[PDB]
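In: Give me the fold of what follows.
(5 chains)
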Amino acid sequence: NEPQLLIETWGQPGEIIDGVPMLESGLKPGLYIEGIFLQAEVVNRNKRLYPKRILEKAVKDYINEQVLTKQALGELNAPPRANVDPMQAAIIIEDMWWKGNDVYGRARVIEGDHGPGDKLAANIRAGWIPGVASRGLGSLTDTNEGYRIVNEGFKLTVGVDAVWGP
Amino acid sequence: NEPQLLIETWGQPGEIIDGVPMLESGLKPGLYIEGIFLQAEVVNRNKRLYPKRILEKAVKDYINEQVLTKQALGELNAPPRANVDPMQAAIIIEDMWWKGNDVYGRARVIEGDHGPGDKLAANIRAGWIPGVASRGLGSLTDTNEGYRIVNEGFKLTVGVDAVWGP
Amino acid sequence: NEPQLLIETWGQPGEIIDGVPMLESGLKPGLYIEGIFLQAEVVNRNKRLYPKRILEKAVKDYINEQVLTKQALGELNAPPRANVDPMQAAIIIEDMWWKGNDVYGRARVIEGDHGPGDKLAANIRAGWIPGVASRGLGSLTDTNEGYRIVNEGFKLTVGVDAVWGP
Amino acid sequence: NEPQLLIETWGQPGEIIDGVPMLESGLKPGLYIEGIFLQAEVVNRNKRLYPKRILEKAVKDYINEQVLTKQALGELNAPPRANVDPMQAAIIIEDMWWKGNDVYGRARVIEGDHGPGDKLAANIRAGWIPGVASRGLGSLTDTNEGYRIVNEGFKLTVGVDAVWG
Amino acid sequence: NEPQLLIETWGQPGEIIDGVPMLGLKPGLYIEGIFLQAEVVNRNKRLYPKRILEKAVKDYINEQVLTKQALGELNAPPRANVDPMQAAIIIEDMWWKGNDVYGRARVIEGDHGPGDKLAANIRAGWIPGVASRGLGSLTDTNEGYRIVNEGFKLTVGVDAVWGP
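Out: Numbers count the residues shown, from 1 in each chain, chains lettered A, B, ... in the order given. Provided below are the atomic coordinates:
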């Protein structure tokens, strides 16, 4: 079929790290979410499978276009749009890497904004463990086996939104 | 009948505890609401009765799926939705337990969010005693005795929202 | 006629008291609005008169049902709704008493909420003297003398909203 | 015509005064906007003229009804309504006076509200010089000279909203 | 065409400067770099001729920058003028370097609003893009881009935007 917005939930990343004083070459503490942000070659909660070669290409382009350019914002709740709204940004992805079929990453929670970043930080400090969701643009092929395969050309547009796990 | 959103009010929990420094392994104080969050085997304010077997099963699943996974958020006002919106979260349930036919629990008010958590905390520190409401999915059978009984399969989706009692 | 929402404006209470350290059973300061909150036996700005016996019963019920139970919240602006929305609460009434044909009261401004309470407090500390409005449910009888009389059964649902005085 | 909402823009007041510790009758600092709030007998940006007698009456009634009673709030942006919404208040007028054909005033910026007052104060401290607008109720007469004259009975309902000029 | 709203994105300005105490002393968070470009086909497939942009920038400096009115927002809205309740930056200066218009914008802090949102995003590491708003018309060239016609008016020099 034709290209559509593809929103996926990927579970709760296994590490939340608060208050580590990081060097800014001058120390800045931060609240970080770190762990699995996306997964290849598995049927996910939306009954979709991302082939490894396709997600490798999408992640590489997203790293080059957004992460390394310091634009890889994400929101609290995954809205039905492909772009992040910086007024609604709650996190920024600092790094992503592969470990087998899993995409790991590290995201910093935006604090001091009197908005979604502070809301996310306060939820986390009250004990919330967030889920993460990704947003992208692509198309699906049905398999007649109860799931869909993402077609070549998938584009990752937001690596992580923080979401309440279903 | 068919499955519907079931929102119930359960009154005002009997304890509000502010500022006790709790062990975080450091110390973090917190504002807590503790008391009756749900009741079985009584006709409630909505003329509904929750059989004990059905609510035991729903509470057990909610503890495993949301409380123990650190996902059991609640809001300020009970909205006509089955899901909690984390941008609107005001509390998180830390524990639930049975005492006879009553479900007790302990909920932490989310502070520092410049949102519903801080609104709830400020209302409470001004003297407000909140009521609590639960949200779930189920169906009802009529009894011809002025109340309805919740059918088997009831699912608890939000244990506590803070609400203004009528 | 049939029961309707009745909103009345009652003018500006004569006392604003900031920062008195009150005993807690240490000390908590507060910002208070104190003075006339309702009036019986006068044609008010809406050309309505509240008979003393009807307002006496409505005030007694409101004190027992809302003030003493710590539920007597009010908002900033009087909305076209019978009950207070706790997300929009700006004050809580701590006490009400009679003086002649006037209902006096003391209301605490909710502070620390980053919401309507802080907004009200900041307006006041910049010099605003708020007006107050009440909300209730009742019906009216016309008199052919240019005003209407509140009928038996009037129910007071919100004793005070802070409002901009006309 | 018939009575309508009249919103006017009057430019940028010439003085912004930050932090002067005033005797609270303790000390309270404040952020103030001071200068021309309305003008009589000039064709303004809306091609309207306010006669001096009509504006004198409206200003006196507004001083007596709102300023002296501590109700003379204004907002950030001028909304299409006659009355101020106190949830959206950004300033309060403390004093108004005449100087020739100009109405001067002093307005305090509301601070600590986590709302439009703090927004206005933050804009001002970043360097913004606000414009001001007035709101009132009245009617207009056409003159066939390219402007309209405000008719007798004009009522001033909001002395100052802070606006982008 | 007839006069329409023209919104352009111009990329990420190259310098973000936090905390320099400027003359009492007030620190500030500043965005500095390229705010507009002449004589290039931009991301919207539009080219601004230099003389037309020179006239628009001069008028904007005289009408808004020097009068302390040159506010901008976070996100570029479909409106010609800035809403001060949504202001996130103020332009303090603009200057030319070749075909590029440079500027200095101060981030509005303490507002518990878009200004604090922008500053907090930046302190978390965001490098914003910038967009300009103005009023003008376009001529098609049949070569895959449009040229801005004479009379273009610059109404908002900089909004902070998420770069595509």
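In: Might you report the residue contacts of the residue nearest to residue A:113 when sequence neighbours are not counted?
Out: Among residues not flanking residue A:113 along the chain, residue E:120 sits closest, at 3.5 Å (C-beta to C-beta, 6 or more residues apart in numbering or on different chains). (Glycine included, C-beta is placed from N, CA and C.) Residues in contact with residue E:120 (C-beta atoms under 8 Å, 6 or more residues apart in numbering or on different chains) are A:110, A:111, A:112, A:113, A:114, A:115, A:117.
In: Looking at these, spot the one nearest chain D.
Out: residue A:114 (7.6 Å; C-beta to the nearest C-beta).
In: Now do the SS call for that closest one.
Out: What DSSP: H, G, I helix; E, B strand; the rest coil gives for residue A:114 is coil.
In: so what's residue A:131 bridging to?
Out: When assigned by DSSP bridges, residue A:131 has beta-bridge partners residue A:163.
In: List the strands paired with the strand of greatest length in chain A, with their directions.
Out: In chain A, with assignment by DSSP state E, the single longest strand is strand A:89-99. Sheet pairing of strand A:89-99 (DSSP bridges) gives strand A:73-75 (antiparallel), strand A:102-109 (antiparallel).
In: quick one: stretch A:96-104 to chain centroid distance?
Out: 12 Å (C-alpha atoms, centre = their mean, to the nearest Å).
In: same question, stretch A:150-163
Out: Its chain's C-alpha centre and that of stretch A:150-163 lie 8 Å apart, by C-alpha atoms, centre = their mean.
In: pull the CA atoms of that stretch into PDB?
Out: What follows is stretch A:150-163, C-alpha atoms only, in PDB (Å, rounded to 0.1, in the frame of the first residue of the first chain):
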ATOM      1  CA  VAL A 150       7.400  -2.900   7.000                       C
ATOM      2  CA  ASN A 151       8.300  -2.200   3.400                       C
ATOM      3  CA  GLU A 152      11.600  -0.900   2.000                       C
ATOM      4  CA  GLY A 153      11.900   2.900   2.400                       C
ATOM      5  CA  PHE A 154      10.700   3.300   6.000                       C
ATOM      6  CA  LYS A 155      11.800   6.600   7.400                       C
ATOM      7  CA  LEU A 156      12.200   7.200  11.100                       C
ATOM      8  CA  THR A 157      11.000  10.700  12.000                       C
ATOM      9  CA  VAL A 158      10.900  10.600  15.900                       C
ATOM     10  CA  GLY A 159      13.100   8.100  17.700                       C
ATOM     11  CA  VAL A 160      11.400   8.300  21.100                       C
ATOM     12  CA  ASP A 161       8.200   9.800  22.600                       C
ATOM     13  CA  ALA A 162       7.600   9.000  26.300                       C
ATOM     14  CA  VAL A 163       4.200   7.200  26.600                       C
END
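In: Quick one: the strands in chain A, in order.
Out: Under the criterion DSSP E, chain A contains strands at A:4-9, A:15-18, A:22-23, A:27-28, A:31-39, A:48-49, A:73-75, A:89-99, A:102-109, A:131-138, A:140-142, A:148-150, A:155-163.
In: what pairs with the second one, and is each one parallel or antiparallel?
Out: Each strand that pairs with strand A:15-18, with its direction, by DSSP bridges: strand A:31-39 (antiparallel).
In: Just the C-alphas of the strand it pairs with, formatted as CSV.
Out: Extracted in CSV, the C-alpha atoms of strand A:31-39 (Å, rounded to 0.1, in the frame of the first residue of the first chain):
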residue,chain,number,x,y,z
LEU,A,31,18.0,12.9,34.1
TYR,A,32,18.5,10.2,31.5
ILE,A,33,16.4,7.4,29.9
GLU,A,34,18.6,4.6,28.5
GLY,A,35,17.7,1.3,26.9
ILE,A,36,15.9,-0.4,24.0
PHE,A,37,14.3,2.2,21.8
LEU,A,38,13.4,0.1,18.8
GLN,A,39,13.6,-3.6,17.8
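In: just how off-centre is it within its chain?
Out: How far strand A:31-39 lies from its chain's middle: 7 Å, per C-alpha atoms, centre = their mean.
In: ok and that strand relative to strand A:4-9, angle-wise?
Out: Angle between the axes of strand A:31-39 and strand A:4-9 is 120 degrees (criterion: axes from the mean of the first three to the mean of the last three C-alpha atoms, to 10 degrees).
In: Compute the inter-axis angle for strand A:31-39 and strand A:155-163.
Out: 130 degrees.
In: Taking strand A:131-138 as reference, get the angle to strand A:31-39.
Out: Computed by the same axes, to 10 degrees, the angle separating strand A:31-39 from strand A:131-138 equals 50 degrees.
In: Report the separation between the residue of chain A found nearest chain B and chain E.
Out: Nearest residue of chain A to chain B, counting by C-beta to the nearest C-beta: residue A:122, 3.6 Å away. Counting by C-beta to the nearest C-beta, to the nearest Å, the separation of residue A:122 from chain E is 14 Å.
In: and if you look at residue A:6?
Out: In terms of C-beta to the nearest C-beta, residue A:6 sits 18 Å off from chain E.
In: Would you mind naming the residues that bridge with that residue?
Out: residue A:136.
In: repeat for residue A:15
Out: Here residue A:15 sits in beta bridges with residue A:34, as judged by DSSP bridges.
In: just to revisit the earlier point, measure how far the longest strand of chain A is from the centre of its chain, please.
Out: Strand A:89-99 has its C-alpha centroid displaced from the chain centroid by 7 Å (C-alpha atoms, centre = their mean).
In: Distance check, the residue of chain A found nearest chain E against chain C.
Out: Per C-beta to the nearest C-beta, residue A:113 is where chain A lies closest to chain E, at 3.5 Å. Distance from residue A:113 to chain C, counting by C-beta to the nearest C-beta: 13 Å.
In: do residue A:91 as well
Out: Distance from residue A:91 to chain C, by C-beta to the nearest C-beta: 22 Å.
In: what does residue A:31 give?
Out: Taking C-beta to the nearest C-beta, one finds residue A:31 at 20 Å from chain C.
In: same thing with residue A:112?
Out: Distance, residue A:112 to chain C, using C-beta to the nearest C-beta: 14 Å.
In: Also residue A:141?
Out: Using C-beta to the nearest C-beta, we find residue A:141 at a distance of 46 Å from chain C.
In: just residue A:78 next, same as before
Out: 24 Å.
In: next one: residue A:133
Out: According to C-beta to the nearest C-beta, residue A:133 and chain C sit 26 Å apart.
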